[PDB]
Each structure stands twice: as C-alpha cells, then as structure tokens.
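# Coordinate analysis (summary)
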Amino acid sequence: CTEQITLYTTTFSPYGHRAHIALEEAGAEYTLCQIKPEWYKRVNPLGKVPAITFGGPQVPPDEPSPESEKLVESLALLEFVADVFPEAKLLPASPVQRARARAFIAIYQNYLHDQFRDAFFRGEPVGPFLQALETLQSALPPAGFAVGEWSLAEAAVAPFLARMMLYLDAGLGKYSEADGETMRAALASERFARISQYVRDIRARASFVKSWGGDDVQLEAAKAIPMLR
Amino acid sequence: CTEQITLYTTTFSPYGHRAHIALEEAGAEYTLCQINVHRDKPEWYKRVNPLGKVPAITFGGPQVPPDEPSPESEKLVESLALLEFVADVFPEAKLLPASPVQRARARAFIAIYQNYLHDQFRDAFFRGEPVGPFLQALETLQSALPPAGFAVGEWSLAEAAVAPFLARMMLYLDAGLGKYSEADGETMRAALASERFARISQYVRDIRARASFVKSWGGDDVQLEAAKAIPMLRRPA
Ligand SMILES: Oc1cc(O)cc(/C=C/c2ccc(O)cc2O)c1
Ligand SMILES: Oc1cc(O)cc(/C=C\c2ccc(O)cc2O)c1
Ligand SMILES: [Mg+2]
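Residues numbered from 1 in each chain as written, not as in the entry; some residues may be left out. Chains lettered and ligands numbered in written order. Heavy atoms only, no water.

Method of structure determination, per the deposited record: X-ray crystallography was used for this entry, reaching 2.304 Å resolution.

Structural data, given as structure tokens:
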C-alpha cells in the first residue's frame, strides 16, 4: 500500500491501542497523532476516536485533507488494516480459522468488556468479571494466541487485558479493598494461569511493546484517572 | 464451495436469521436445522456445541442428517463471526463490497447497531424502560445511512446483521407487543411514522423487499405468532 494512513487516538486510549497494534503488525507506514482541538471535527464531526484517515495528500495530522477517507469504530479499523495489508496475514488464511479469531473477539465484546468496566470503574460486584474472564480464557488453545499465531484477536483484547493486570497489580480501580483482594487472588491462582500467560506472551510482542508506553508511562497516566479511585 | 454447510438455529431466532440471510445471499448449498425455542434442545445438540450455543454452523465432514452431526465437521458459533465466514467461503458473492474503505463502513454500521440500538431494543421492548434512548439510537443508526439504498449503497453483511432485529422491532411496534407503557407505545408509533424517521422507515421496507430476507423471514403472521409466545414481551396486569 501507498496511500497515507494516519491514526488518531487519545494518548492512553485502549480502543486506539487496538488500531496501533494492528498497524504495527502490518508493517504499515503511518502517522500517529495523540491528543479536543477545534480542528478534530474535520476528522470526525462527532469527536469519535480512534480514527483513521486514508488516502489524500500527505498532510500534517492537525490539517486533515478534505480528500482523505475517514474511518472510525475500533474493530472495523482492525478489519480495515487486515484488508489493506493482506500480505501481513493479520488474520489467518482459512475461513474456519478466521471465524474462530472473530468469535474470540465477540466473546470479549459481548461477555467480558462490560464487566471489566463494572468491576474496575463502577466498583460493582466482581463475581461476573471473573466468570467472563474464565470464559474468554476457555476459548484459548493451551499454547500460543487465540488462533495459534498472533491475529486481530490479540489486537482487539490485548489493550484491555494488559490494563486490567496493570491496574490490579497497582491497586487502581474503584472496587472495594475486599473485591480487590478477591481479584488479585483469582488472577494469581491456578484457575487463571492460562490467561495470565496469555498476557505475558502479549506483553512480549513487539507491536504491543511499541504501542504500550511502558508500564511507567501507563501507570503515571493511570493515576490521573478519576474512575480508578 | 464443495463442503457441506449446515446452520443450526432455534426457530425465529434473529441471531440465526442473520446467518440464514447470508447463506441465501451467497447462493450457498446449505441445510437448515430449526430447533424449537420452547423445548429443551435435543441431547444430540451437545455434539454441535456442548454449552448449547445457537446459532451454529457445521462445515465439511460427510453428508449427514442434522440430528446426526459428524465429529469430522468444523463447528462455528457467534452470529457476527458466522456472517464473515459465509463471505470468506463465498468471495464471489460479494457479501461485502470490494474496497477496504467500504468494507470498513459496513462493519462500522454493524458496530453502531451493536453499540447503541441493540441494547435499547431489549431495554424498551423486553424490559419496559423509558423509550427515549431507543428512539435516539434508532436516529443514530439512521444518520449513518446514505441518502438511499443500503448502509454502503449495495446490500452487504450490514443488512444481514441488522435486518433480523430492525424488522422484528418494527413488527412488534405496529402490533403493540412489548413491555413498554401504552403511552410510550403511541409515542414510538407516532415517531416512527413521522418525518424524523422517514429514512429508517424506507430502509426497513427496502430490507423487507429483499429476496434473501423474504425467504428467511417466512411472513409477518408467523413472526407475530412466534413473538406472542415470548413471555418477556408481555406487560403484566
Ligand atoms: O428471540 C428473540 C426475538 C427478538 O425480537 C429479539 C431477541 C433478542 C434481542 C436482544 C438480546 C440481547 C440484547 O442485549 C439485546 C437484544 O436486542 C430474541
Ligand atoms: O472481526 C469482526 C468483524 C465484524 O464485522 C464484527 C465482529 C465482532 C463483534 C462485534 C462488532 C462490533 C461491535 O460493536 C460489537 C461486536 O460484538 C468481528
Ligand atoms: Mg437502558
């Protein structure tokens, strides 16, 4: 591909971290723009972020061209990179294996994503989070990533599982000291050994390393978030 | 495609209907196995999915009645994944458009359905919550459509994903099914025939005209009957 690619995100957005991982896996040449400025309504009138501009002239990100195609919705941005760079095999080759990668993302979206938010941001009962974590965990093979090799599955879920672990280790979140104790114990137990290794293997992935600030930075960022208290 | 395809669904499931639409759009040779919602699910279904998940596809393996699933078939669940599977198996059907950008916009339209309207359909019709959010989400979805035609001009998986749900909620509305108050029902019915919602009204009848929808829908009267036997849709006395 030769069209210009520009990815827009807020600095520590997990949704934008999705698109950042996939552009890295793809070997793409792209501009990265972290931040809401007045100009941004030219990327998306609604202020939706993350966003990708595609095609048009090379432009500084804060001057998006009227010619470029503008795209939003993080999981569609994943599919987009995969489609633009088929040669990077961001998804596997067979339809069945692609179907399992997508099913795995749906498990995260439909079952775990909201309870992660209940347990860590709304201080709600933690029980359902751990069950949804297990359910996603159960869809992993004994080794490797969700469908064996790295795929959009990982781009989709990595930013969120890595932040969960970072928060739990750091005691950030709105859960009770009691529920926080219960989650630290679950994640360190054999029940959740598979998912814990998954995150470890995720965190070793070069595309994750590059698009993660480092634990230092993510932590400094984290400790300026209200909903984490 | 030479592999056998079998689609398992509880009857009248909008989730299974998604994949039905897509198999009909694809021109696929497929076997359709309907399970009764209100029975328990046959013991044999565990061989298609141990947790009883529907809808589900078996792919390949030997040719077998659906109640005799072969272990040699690959088994897939999750309706939005099943849509992308059919497109992947039948690329000549162009269930998604050709360019990455248009593909991305079709997938984004599915996201808007899921992020906003899907849960207000449940809240307003099955839980009886105030319906203002439901209208606003319908508007949000409506504003993502182009001036005419389908979400990305030509029909795509966007319609496979959203048609089963948009059609049932408009069916339920005109017939007054749901847990919402009777005032909120007149509010919704009035809003839907208003000019505010002309575009989404045009989208729904354009959906209902599509061959693949007609054949997988099997008529309003049988969808009404199916819905009058969903207990969660009944206001209590
Ligand atoms: O058998 C039927 C008939 C029908 O009309 C709708 C449904 C389900 C709708 C639904 C479920 C979960 C959710 O979060 C949101 C939803 O809209 C099932
Ligand atoms: O790779 C793909 C492609 C696609 O079209 C859909 C999905 C999955 C789930 C999904 C999408 C959007 C959303 O807001 C919620 C969802 O559950 C996965
Ligand atoms: Mg609600």
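### A word on the site of ligand 1
Residue and element names in this part refer to chain B. Here is the rule we go by: The rule for a residue being near a molecule or strand is that one of its heavy atoms must lie within 4 Å of it. Pairing of N or O atoms within 3.5 Å defines a polar contact, subject to two protein rules: one partner must be a possible hydrogen donor and the other a possible acceptor, and residues neighboring in sequence count only if both atoms are side-chain atoms. All accessible-area figures derive from a Shrake-Rupley calculation using a 1.4 Å probe, and residue coverage is judged against the displayed protein chains alone. Strands are runs of DSSP state E lasting at least 2 residues, helices are runs of H or I lasting at least 4, and numbering of each runs from the N terminus. Any residue that is not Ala, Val, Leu, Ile, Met, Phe, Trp, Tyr, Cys, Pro, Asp, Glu, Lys or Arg is counted as polar, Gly included; the first ten are nonpolar and the last four charged.
The environment of ligand 1 is made up of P14, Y15, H118, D119, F121, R122, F126, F165, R168 and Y172. For ligand 1, an oxygen atom lies 2.9 Å from a polar atom in the side chain of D119. Contact between ligand 1 and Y172: an oxygen atom at 2.8 Å from a side-chain N or O atom of the residue. Compared with its free state, where it exposes 430 Å², ligand 1 has 77% of that area covered by protein. Secondary structure elements with two or more residues in the shell around ligand 1: α1 (14-26), α3 (100-126) and α5 (157-174). Looking at the shell around ligand 1 element by element, the count peaks at five residues for α3. Looking at the shell around ligand 1 residue by residue, the class counts come to six nonpolar, one polar and three charged.

### Some words on the packing of aromatic side chains
Residue and element names in this part refer to chain A. As a reminder, the rule being used: Here a pair means two rings of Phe, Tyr or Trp (six-membered ring of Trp) with centres within 6.5 Å. Their orientation is stacked below 30 degrees between planes, edge-to-face above 60, and tilted elsewhere. Each residue gets one of three labels from its accessible area relative to the maximum for its type: buried under 20%, exposed over 50%, partly exposed in between, using a 1.4 Å probe on protein chains only.
Enumeration according to the criterion identifies 30 aromatic pairs over all chains in this entry. Look at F54 and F80: their rings are 5.1 Å apart centre to centre, the planes differ by 90 degrees, and that puts the pair in the edge-to-face class. Placement of the pair is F54 in strand β3 (residues 51-54) and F80 in helix α2 (residues 74-84), with a sequence separation of 26 residues. By the burial criterion, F54 is buried, and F80 matches it.

### Remarks on the interface of chain A and chain B
Our working definition: Only heavy atoms matter for contacts: two residues are in contact if any of them lie within 4.5 Å across the pair. Here the quantity called buried area is the accessible surface, traced with a 1.4 Å probe, that two parts lose on coming together, added over both. Should a side-chain nitrogen of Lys or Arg be within 4 Å of a carboxyl oxygen of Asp or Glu, the pair is scored as a salt bridge.
Across the contact, 23 residues belong to chain A and 23 residues belong to chain B. Of the roughly 1900 Å² buried between chain A and chain B, counting both surfaces, carbon and sulfur atoms make up 59%. Connecting chain A to chain B are eight salt bridges. Between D83(A) and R107(B) there is a salt bridge whose closest N-O contact spans 2.9 Å. Where chain A packs against chain B, one counts ten residue pairs in polar contact. Across the side of chain A that touches chain B, the residue classes break down as 13 nonpolar, one polar and nine charged.

### Focus: the sheet that holds strand β1 (residues 5-9) of chain A
All names here are of chain A. Our working rule: Criterion used throughout: strands pair if DSSP finds at least two bridges between them. Fitted lines through C-alpha atoms serve as axes, helices being fitted only where they are in contact, and the angles separating the N-to-C directions of these axes extend from 0 to 180 degrees.
Pairing is mixed in the open sheet, where four strands are placed in the order β2-β1-β3-β4. Each having just a single partner strand, β2 (31-34) and β4 (69-72) make up the two edges of the open sheet. For this sheet, the mean angle separating the axes of adjacent strands, direction not counted, is 20 degrees. Across four bridges, the pairing between β3 and β4 is antiparallel. The residue bridging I52 from the neighbouring strand is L71, located in β4. Together, β1 and β2 form the strand contacts of helix α1 (residues 14-25), whose direction differs from that of β1 by roughly 150 degrees.

### Observations concerning the nonpolar core
Residue and element names in this part refer to chain A. The following threshold applies: For our purposes a nonpolar core is just a set of buried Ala, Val, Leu, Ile, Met, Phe, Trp, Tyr and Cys residues, chained together by side-chain atoms within 4.5 Å. For every domain, the bounds stem from an assignment made automatically or drawn from a database.
Counting 72 residues, the largest nonpolar core has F120, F129, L187 and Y198 as the members making the most contacts within it. With 14 residues, the single largest contributor to this core is helix α5 (residues 152-170). Each of domain 1 (1-93) and domain 2 (94-229) contributes no fewer than three residues to this core. Sequence-distant contacts of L187, that is, excluding residues within four places in its chain, are made with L130, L133, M164, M165, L168, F192, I195 and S196.

### Details of the site of ligand 2
The environment of ligand 2 is formed by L75(A), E79(A), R102(A), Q109(A), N110(A), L80(B), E84(B), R107(B), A111(B), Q114(B) and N115(B). The site occupied by ligand 2 is bordered by residues of chains A and B. Between ligand 2 and the protein, one listed contact pairs an oxygen atom with a side-chain N or O atom of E79(A) at 2.7 Å. Take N110(A): an N or O atom from its side chain is 3.1 Å from an oxygen atom of ligand 2. Burial of ligand 2 by the protein chains amounts to 93% of its free accessible area of 430 Å².

### Observations regarding the environment of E73(A)
One can find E73(A) in the loop between β4 and α2. Relative accessible area serves as the criterion here: at 11%, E73(A) is assigned to the buried category. Residues contacting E73(A), with those up to four places away along its chain left out, are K48(A), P50(A), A108(B), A111(B), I112(B) and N115(B).

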